[PDB]
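Residue numbers run from 1 in the order of the sequence given. Just follow the structure's listing: the first ligand is 1, and inside any ligand the first atom is 1. Excluded from the calculations below are hydrogen atoms, water molecules and symmetry mates; all remaining heavy atoms, backbone and side chain alike, are included.
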Amino acid sequence: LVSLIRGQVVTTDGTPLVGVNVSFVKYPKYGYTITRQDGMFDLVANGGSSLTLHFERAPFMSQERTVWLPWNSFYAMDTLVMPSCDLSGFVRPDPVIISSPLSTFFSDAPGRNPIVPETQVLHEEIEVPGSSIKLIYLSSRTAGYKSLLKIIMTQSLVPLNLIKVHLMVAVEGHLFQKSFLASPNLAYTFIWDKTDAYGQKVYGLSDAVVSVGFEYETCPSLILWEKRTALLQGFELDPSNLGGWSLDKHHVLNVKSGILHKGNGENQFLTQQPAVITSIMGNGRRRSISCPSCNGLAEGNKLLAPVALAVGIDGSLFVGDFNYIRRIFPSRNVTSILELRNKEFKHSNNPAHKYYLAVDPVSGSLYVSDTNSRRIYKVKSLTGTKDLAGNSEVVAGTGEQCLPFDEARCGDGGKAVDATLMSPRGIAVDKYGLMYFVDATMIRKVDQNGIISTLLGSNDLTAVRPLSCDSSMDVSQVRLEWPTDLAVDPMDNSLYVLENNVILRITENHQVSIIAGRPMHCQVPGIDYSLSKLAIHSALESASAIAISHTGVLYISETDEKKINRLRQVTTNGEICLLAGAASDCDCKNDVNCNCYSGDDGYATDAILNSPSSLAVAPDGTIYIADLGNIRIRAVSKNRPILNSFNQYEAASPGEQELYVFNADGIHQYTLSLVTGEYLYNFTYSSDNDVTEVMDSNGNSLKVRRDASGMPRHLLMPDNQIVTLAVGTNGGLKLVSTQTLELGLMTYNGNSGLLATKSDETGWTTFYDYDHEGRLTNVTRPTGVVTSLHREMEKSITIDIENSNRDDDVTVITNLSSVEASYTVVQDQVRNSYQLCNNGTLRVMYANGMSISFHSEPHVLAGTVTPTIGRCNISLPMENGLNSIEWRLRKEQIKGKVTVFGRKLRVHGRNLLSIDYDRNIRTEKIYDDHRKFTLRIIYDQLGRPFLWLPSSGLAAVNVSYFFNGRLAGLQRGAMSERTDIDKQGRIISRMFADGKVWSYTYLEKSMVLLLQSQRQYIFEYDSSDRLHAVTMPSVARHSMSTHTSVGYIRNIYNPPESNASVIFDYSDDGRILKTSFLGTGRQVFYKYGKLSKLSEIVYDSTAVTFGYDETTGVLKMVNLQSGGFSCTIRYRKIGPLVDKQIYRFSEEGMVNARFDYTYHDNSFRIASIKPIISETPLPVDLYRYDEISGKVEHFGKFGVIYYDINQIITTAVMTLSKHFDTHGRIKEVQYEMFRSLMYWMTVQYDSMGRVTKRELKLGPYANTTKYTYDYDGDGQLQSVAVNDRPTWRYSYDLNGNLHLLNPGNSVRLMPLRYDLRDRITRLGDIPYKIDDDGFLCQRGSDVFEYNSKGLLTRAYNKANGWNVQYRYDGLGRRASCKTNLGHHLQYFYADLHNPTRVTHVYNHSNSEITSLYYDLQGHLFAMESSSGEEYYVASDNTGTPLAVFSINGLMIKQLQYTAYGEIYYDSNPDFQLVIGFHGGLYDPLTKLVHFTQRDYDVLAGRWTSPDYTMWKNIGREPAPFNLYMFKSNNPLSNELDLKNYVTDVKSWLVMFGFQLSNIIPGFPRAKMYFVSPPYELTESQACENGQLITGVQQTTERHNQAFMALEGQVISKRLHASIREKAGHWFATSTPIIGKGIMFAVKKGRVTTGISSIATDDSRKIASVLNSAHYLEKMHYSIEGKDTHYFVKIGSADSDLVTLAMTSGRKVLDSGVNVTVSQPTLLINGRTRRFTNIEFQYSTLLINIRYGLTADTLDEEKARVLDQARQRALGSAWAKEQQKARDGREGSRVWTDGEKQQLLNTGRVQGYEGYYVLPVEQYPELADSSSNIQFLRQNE
Ligand SMILES: *[C@@H]1O[C@H](CO)[C@@H](O[C@@H]2O[C@H](CO)[C@@H](O[C@@H]3O[C@H](CO[C@H]4O[C@H](CO)[C@@H](O)[C@H](O[C@H]5O[C@H](CO)[C@@H](O)[C@H](O)[C@@H]5O)[C@@H]4O)[C@@H](O)[C@H](O[C@H]4O[C@H](CO)[C@@H](O)[C@H](O)[C@@H]4O[C@H]4O[C@H](CO)[C@@H](O)[C@H](O)[C@@H]4O[C@H]4O[C@H](CO)[C@@H](O)[C@H](O)[C@@H]4O)[C@@H]3O)[C@H](O)[C@H]2NC(C)=O)[C@H](O)[C@H]1NC(C)=O
Ligand SMILES: *[C@@H]1O[C@H](CO)[C@@H](O[C@@H]2O[C@H](CO)[C@@H](O)[C@H](O)[C@H]2NC(C)=O)[C@H](O)[C@H]1NC(C)=O
Ligand SMILES: *[C@@H]1O[C@H](CO)[C@@H](O[C@@H]2O[C@H](CO)[C@@H](O)[C@H](O)[C@H]2NC(C)=O)[C@H](O)[C@H]1NC(C)=O
Ligand SMILES: *[C@@H]1O[C@H](CO)[C@@H](O[C@@H]2O[C@H](CO)[C@@H](O)[C@H](O)[C@H]2NC(C)=O)[C@H](O)[C@H]1NC(C)=O
Ligand SMILES: *[C@@H]1O[C@H](CO)[C@@H](O)[C@H](O)[C@H]1NC(C)=O
Ligand SMILES: *[C@@H]1O[C@H](CO)[C@@H](O)[C@H](O)[C@H]1NC(C)=O
């Protein structure tokens, strides 16, 4: 094409000349330029060919300079200044060039984590109301984000004579020059502003030319130069033009650089993807020698034998097609230009008849050199004349072969035409027009005059020295053995020789050196470290051809003709890698049944070549291969989108299942579904190509209302809502707002475009700091938390990530090479490795020992432009640990259009599942390979799934949509739930299939949910749709608030007319830190360690530690320590899988346990469990599975049969048959023993899935009992009839409290009483007591002791004389139960998939172990004793045991329960059953059923504690609720949820018994929990999963998720409006003390504040006072409900009092913040002190500052706050102890009658004092905790 030249002309000193006439003459093209004051010359010339330039000046010598021009680039010419010394064996410069990585990383959740560590990028977002389209900010899409180039020119060792080092950097016309002095480890970092020489923005990717010169003391005039190329990222295109922000769905394609810039922040550098191979000439068949119809199109045109290739100055490819020389024009047409009369059809593949081509860059002359004719020819006419046989002229040679020892030296010194040649081989023509050629074993020159000479002069055997491995010697010392190909480097102007599998370089200074290949001089032990990526250390296997690109890249052809047929690439850095040609399993030359032609229109590295003979590099950088064996010319091109028949470009995202359509200019037209082919988004533009409308598939249009210049004004949302956009004078988006909400408020750093601040409606301001390079260095939050990023750019780029509040330091190390980008994420000694290879492979090597390898293939629909993960190879650290998953993609085309898109999932060559989409009928067929499962998903005209048609006669699921595409209703047979919406899109009605209607009324931020029973719930909201208050039907108002605190976000819930606050403290990343119950003082502290995983849980006097392995990072230990008692759980793992679980106890009587696990070969499936309880080995339980479905076929002694969705559990003795209805609900259970029916149950449901009828037969001879259930207007259980006779009646409060029941078997109707907080107070005559935290305290004479974690530690009754104590493990599970009546049991959890499931019970009274066996629904069905006894359990639809049968099929126990779980009949009370009502642990003493997180009272029919986490989502999903009610007062039916409407393939598969989790490693296992497990338990399972801190970790996750995706499209199953959710913010935000626009940072306990433009004057006053203060770390407490934080200031308060404009008292600011100035006098440990005290307070948040002058000020305040907290802890502990004595309850210590009386009268006991159990020195957070205090006398 066309190139641009730019250079400077200077004098001797360095002054630019004001008058130089720069001239150039080439073909008919003429031109000249005259330099100005700057001394710069700018010229336009044709690229590729060599151009000579003349310079004219008056008092200076007129000089000429010839240069090799790049094809279509901006050439920066060397500076012009207006020979005796010889450097041989001197050290050449070997620079290490490190470029800043490409911005390929982005965030999956910019709202959760905006930090991209590796590229130091800020990825932010703004959610807008009325649309799912977001506004995205990416800090790399700015002017401030510069391109870096670290050039390490010297190492630790400097050559002795080196004095000066010179540097040159050439980027887009710019020429940077700098001189340095010789120093060890000398480096310079070049910064590019992404502009050209004219100050214009450069888009995409650019090439930099780095030149390093070495000046020696021996010769100061000459400098040893070395040229290297580097890739620099330019400006990213801005598609949306919204003040530096983009629309989430709006993309742009850079057509020139081949980059897909997605609006969501995702950048796809398409040219950096695997290279593509295509056939440009030939059809694999030979043409006739006469060449008939050889003049036409190149593609498919028959060849004979392509032996030579050369690219002309025109861009034409000259083909040495044996007999004829054919020219391929840029128009892709072929014309024969020369016929060689000495070529015969027989000698086509003969090496003796092989000739070589070369193009002269001065004049486009083509030179031919035939080895057989012993001459060199020049083609006369390159257009081809009539007589083609005589279109050549002799350049060199007469035709006769001269003898090796010629006297006249084969005509040297004279004319080339008259001279004689030995055997001419490879030819190359220099920049100056000098012709070079290989003549037998030497290199000969043919100059401009026509005189022949010898460069590498042979026969001088005396001066010849063997080839030096490291140093470079002169031409005279070099001897050549079998040289073939020759080429000139268009960047160096050096000559490259291919000689006996070694490539050598001849510089312009006649210096020879090895560039590629390993000679026998230093073969072994030449290199001790062996394998390396360098070309010098890699041996060449039968090399045949060489080619050099204009960027100095060397390509080497290697052909063995048998199996080795490949093309390798050698980059400027000296690294060698495979470019094309896979290793063929078949012999191409010997084997007759062989095809060595494949891979065309696919990836080059996968393709199989056959005998490559010649290479040539095209103007665009594509490599041409003379594939002689396949009679074709093949092209290895950069991966690029191709213009289709419609003049459009197509790119795709397989992960999002989207296809993007762009016009010829790369402007985004449409987004279609990659599966469905239906339009998802349509983009319309203005005349200036500015985006004005985004129209989705549903008809929702988001209009961008613009100005005539394209300036954005506002967004017109699909609901006709206006979102105001205010762009600043710097061009940056300043404000995003609605008529009520301020969605975003942004400031920028000058005109760089770098986001300085970003605020939301809550007033939360985040501050961003960058370095001079525009890389993110700090992120400061209003919590005072700072995230810091530090870069160290060396041979490897290291980024250090630190947080001010945590010790979780993360470091990312990046090593970029020719083959791969290598990443290492380090957390202490735990190292995770990631490798992103050029072939498209992503390899993860986890610290745990497991490795995952994702492999890319071209997409079947989108082509080579989009690689897809079609293979996944997993490796576990074990004997048979290799696993493999495969996705096989297919297509069906009718009339050139896609009809069917098929995907098949395979494991070890077997089909598991097939997901096929038929575009004609709009159906998605999901089917099994063995006729077991079939599901059809029907899509509507808008491309939305609306109907799910399953097999086995199951009820179909169908959905309704509103006009805007939002889900309107769901239906599954007779069951349906519909909604109606406002004009505002708010739900106004909710209709159920039973006729139940809920109304939703909206009145000024308040919502009123009314039921037909006239029960009313009022939800009061914020502008941000977060709850302020909830009024219950009882008219009791619950209140909530959220506020930014110091180091966390505090969420407060206040019960009605109470100050007993329930607080949930969350970190900035959304992790729980503290759970507080201010009513009694209950606290749970959560700590996170160096691996960013849970490290400690502290509550009361109990400390739970989580130990991780120093190297693997896996959870090794969980240790609970509560004084003397210790409970330790230890794990051993095979990668992330548990293979050993140990239980250890410190207690005297308690027994230990061990569980050994084995896994099935080549899987993640558990094969066996071997238990050892109390050093007594138990029998091994074997697990057998179906390899196609993951179905458990055998477990222990039980066998499982699957038919449709029904299951049969069999043994030689028993058969348990479970029958399910069309809705997947249990309809019949049939338990048979010895071919006789022992138990049968039938369940019948109403339209809504409520149990209406249950028939039960308990025993083979017992009668059948019929139970009928009736529900009230709200679906609450009203009555229960036994054989059509009313037996039970239930009634409820307006709040849903059960206030009337028939207890047990009684006819009597008993009333239940409640308080305003819904806490029970009475059950008939029996009084109940619930504490201020909401926990069960007393039931008449029964006393209950619940700890801070909400676990029952002790329960007793002094009157009835019974006492029960419980012990728990570190994961919150009940470990033991011990009574004063002899009972002592221990519980174990051996099931890895169900960690809350009690699998084994150790009984201390008989020393026997009971093994519990559960069915596929989780219900108990069998038991096995270590004594040899076997029991068979009959369980109901809720998993409640109703009957037990002996080993001989005899009913030994029969239970009858009420609807709420109270036992009224027991045939054998002495037979103790561990599992009770609803599958929990039933206690006959307490009458409670224990589930790991909550306890259930069977007498009251409610939970013993509230689930305060309900408050988190009740605002988003408003519904009738009660904190204590059991299953919405429907205890026999499965809880009603939207999950009952099966709208996803994985959920349909689960129903059919399929367990994809067992066959697809990593696939999510379906959760089988009634009660949600505690945080630490779910965390202990998920901690083995890969972290997501860095960008490479997030890239890996995208690969994992895209591989596990089943359906082509998934619906958003939500019948509620989408709410903008913040991390750790649950409720309506309280006004912050740290105002909007104020920066607040707490680094190592030191406070620093900053101010932005938007900050108010009163907010700046608080900032000024808080600056330079010292925060009392870990010493912040909840005092009288207040979130009090302590600070100290060393100096006088005078300066700060002037700022506050006050002297003393209280002042109220504009925000409402209270400022109190006082001078208190404190008495701490007998020491009196008076100081100034400034207090800042808003609602519960309180910030206190103490002023001092001494250095001990911080230490004195620490001693003051701890003593005050000690007084609070002691005051509370003694009060609680006195209350225990008053109530008649058992105290913490055993007191005598005198001690007890002293406590009752005074409040304290003489000689006794409260001491900390957990030391306050290590646990300062427990300083005010009364539950951490123990009363002891001085005897200890
Ligand atoms: C942890 O370990 C603990 C052990 O350290 C463990 O506690 C022990 O648990 C077992 C099993 O539950 C207890 O044994 C039971 O004892 C029952 C009490 O009966 C006593 O009183 C009677 C007087 O009224 C005596 O006649 C009777 O004597 C019999 O037992 C003696 C053994 O001590 C023996 O030497 C005698 O020869 C004599 O046979 C005894 O002293 C007892 O009732 C009970 O038996 C029933 O249950 C067995 C299964 O558990 C059946 O195999 C057996 O056939 C019995 O069933 C019948 O009775 C039930 C209840 O009435 C009915 O539900 C049945 O349908 C059935 O009824 C039919 O048959 C009757 C005639 O047999 C007839 O009258 C009916 O009309 C009907 O036709 C069992 O042996 C043991 O005492 C506990 N030990 C201690 C120290 O606590 C604890 O459970 C473990 N915990 C966990 C969680 O695992
Ligand atoms: C699911 O499909 C059924 C059809 O099988 C839809 O039911 C129809 O609903 C209309 C009212 O909208 C009634 O007039 C028809 O009589 C119903 N058809 C029959 C015979 O079932 C139903 O609306 C769909 N459900 C949802 C929520 O999309
Ligand atoms: C909830 O309110 C009660 C009553 O206002 C507070 O209890 C009082 O606290 C003061 C100071 O500690 C004592 O002098 C009183 O004797 C207490 N009254 C009684 C009878 O308890 C209580 O501290 C408040 N709690 C919270 C969480 O703010
Ligand atoms: C600023 O301080 C005043 C006074 O301490 C707070 O007002 C008191 O609020 C309580 C509880 O709402 C009332 O019982 C008192 O009667 C109020 N006293 C006065 C004199 O107003 C006020 O709430 C504080 N401001 C904020 C936003 O926390
Ligand atoms: C290329 O060759 C075809 C014959 O195969 C001919 O029809 C066409 O006109 C040619 N085009 C050019 C570039 O002259
Ligand atoms: C920002 O981070 C760097 C990390 O090298 C640190 O040196 C610096 O003190 C930080 N500054 C702020 C704003 O805390």
Side-chain angles (χ1 to χ4, degrees), residues 115 117 120 122 749 756-757 766-773 775-781 784-793 798-805 809-811 1039 1041 1043 1050 1052-1055 1057-1063 1076-1083 1331-1334 1629-1633 1635 1639-1650 1658 1662 1667 1677-1684 1705-1718 1735-1743 1764-1765 1767-1776 1778-1779 1803 1824-1826:
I115 302 150
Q120 284 172 286
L122 182 70
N749 288 318
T757 73
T766 318
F767 283 76
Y768 321 100
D769 296 297
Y770 308 86
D771 53 26
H772 296 105
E773 297 78 48
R775 303 292 188 274
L776 189 73
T777 52
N778 324 87
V779 173
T780 310
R781 302 154 191 96
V785 176
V786 187
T787 301
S788 298
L789 299 150
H790 179 78
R791 180 181 75 261
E792 283 161 354
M793 206 176 174
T798 83
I799 291 105
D800 302 289
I801 323 138
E802 286 171 52
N803 295 276
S804 63
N805 66 337
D809 299 339
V810 181
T811 169
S1039 64
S1041 66
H1043 70 253
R1050 187 165 215 108
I1052 315 132
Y1053 157 73
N1054 293 286
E1057 289 173 16
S1058 184
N1059 70 345
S1061 309
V1062 188
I1063 287 145
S1076 283
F1077 298 92
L1078 259 53
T1080 81
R1082 282 187 174 98
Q1083 289 176 298
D1331 57 39
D1332 275 22
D1333 297 353
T1629 16
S1630 298
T1631 298
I1633 286 170
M1639 188 231 87
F1640 174 70
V1642 179
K1643 276 251 193 175
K1644 276 269 179 182
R1646 296 176 297 271
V1647 184
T1648 43
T1649 59
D1658 288 2
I1662 303 158
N1667 196 60
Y1677 310 93
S1678 286
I1679 317 170
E1680 289 289 293
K1682 303 273 171 287
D1683 188 12
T1684 60
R1706 188 177 57 93
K1707 194 186 176 183
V1708 188
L1709 304 164
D1710 56 11
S1711 53
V1713 170
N1714 276 326
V1715 190
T1716 309
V1717 178
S1718 64
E1735 184 209 271
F1736 292 118
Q1737 178 265 340
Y1738 193 98
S1739 195
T1740 61
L1741 182 65
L1742 195 146
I1743 288 155
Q1764 286 193 323
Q1767 279 180 266
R1768 289 197 307 276
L1770 292 187
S1772 180
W1774 278 113
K1776 286 176 177 181
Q1778 183 188 242
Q1779 200 63 68
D1824 64 349
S1825 186
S1826 67

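Atom 2 (O) of ligand 6 lies below 4.0 Å from at least one non-hydrogen atom of the protein. Distance remark: protein heavy atom not present below 4.0 angstrom from atom 17 (C) of ligand 4. Per-atom contact check: atom 21 (O) of ligand 3 does not touch the protein, criterion being a heavy-atom distance below 4.0 Å. The protein does not reach atom 14 (O) of ligand 3 closely, with no heavy atom under 4.0 angstrom from it. Distances from atom 9 (O) of ligand 3 to the protein include at least one heavy-atom value under 4.0 Å. Within 4.0 Å of atom 3 (C) of ligand 3, at least one protein heavy atom is present. Distance screen at 4.0 Å: atom 24 (C) of ligand 4 has a protein heavy-atom neighbour inside the cut-off.
For the pair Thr777/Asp771, a side-chain contact is recorded, criterion being any heavy-atom separation below 4.5 Å from C-beta on.
At a cut-off of 3.5 Å, with distance as the only test, a side-chain donor of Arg1050 or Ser1678 sits close to an acceptor on the other residue. Between the side chains of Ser788 and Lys1643, a donor-acceptor pair is found at a separation under 3.5 Å.
When hydrogens are left out, the protein atom nearest atom 5 (O) of ligand 6 is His790 ND1, 3.4 Å; that is the closest non-hydrogen contact. Nearest protein neighbour of atom 19 (C) of ligand 4, counting heavy atoms only, is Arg1706 NH2, 4.7 Å. Among protein heavy atoms, the minimum distance from atom 14 (O) of ligand 6 is reached at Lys1643 CE, 3.4 Å. The protein non-hydrogen atom at the shortest distance from atom 12 (O) of ligand 3 is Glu1680 OE2, 2.9 Å. Scanning all protein heavy atoms for the shortest distance to atom 26 (C) of ligand 3 gives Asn1059 ND2, 3.2 Å.
No donor-acceptor pair under 3.5 Å is formed between the side chain of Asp800 and the backbone N or O of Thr811. Although no hydrogens or angles enter the test, the distance criterion places a donor-acceptor pair under 3.5 Å between the side chain of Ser1061 and the main chain of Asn1059. Using modelled atom types, no side-chain atom of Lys1707 and backbone atom of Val1713 make a donor-acceptor pair closer than 3.5 Å. At least one donor-acceptor pair closer than 3.5 Å links the side chain of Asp1333 to the backbone N or O of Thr1080.
For ligand 6, the atoms lying closer than 4.0 Å to a non-hydrogen atom of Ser788 are 1 (C), 2 (O). Every atom of ligand 4 with a heavy atom of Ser1739 under 4.0 Å away is listed here by number and element: 26 (C), 27 (C), 28 (O). Taking every heavy atom of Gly1712 and a limit of under 4.0 angstrom, the matching atoms of ligand 4 come to 27 (C).
Both the sub-6.0 Å distance and the 45° axial angle are satisfied by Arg1768 relative to the ring of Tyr1677.
At a heavy-atom cutoff of 4.0 Å, ligand 6 is contacted by the side chain of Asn778 but not by its backbone. By the criterion of a heavy-atom distance under 4.0 Å, neither the backbone nor the side chain of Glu802 is placed next to ligand 6.
The nearest non-hydrogen atom to atom 6 (C) of ligand 4, considering only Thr1716, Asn1714, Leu1741, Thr1631, comes from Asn1714.
The existence of a salt bridge linking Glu1735 and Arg1706 is excluded, since no basic side-chain nitrogen approaches an acidic carboxylate oxygen closer than 4.0 Å. At a threshold of 4.0 Å, the pair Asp1332-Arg1082 does not count as salt-bridged, since none of the basic side-chain nitrogens sits closer than that to a carboxylate oxygen.
Considering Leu122, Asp769, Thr787 in turn, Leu122 is the only one that fulfils the side-chain contact (heavy atoms from CB on, under 4.5 Å) rule with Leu776.
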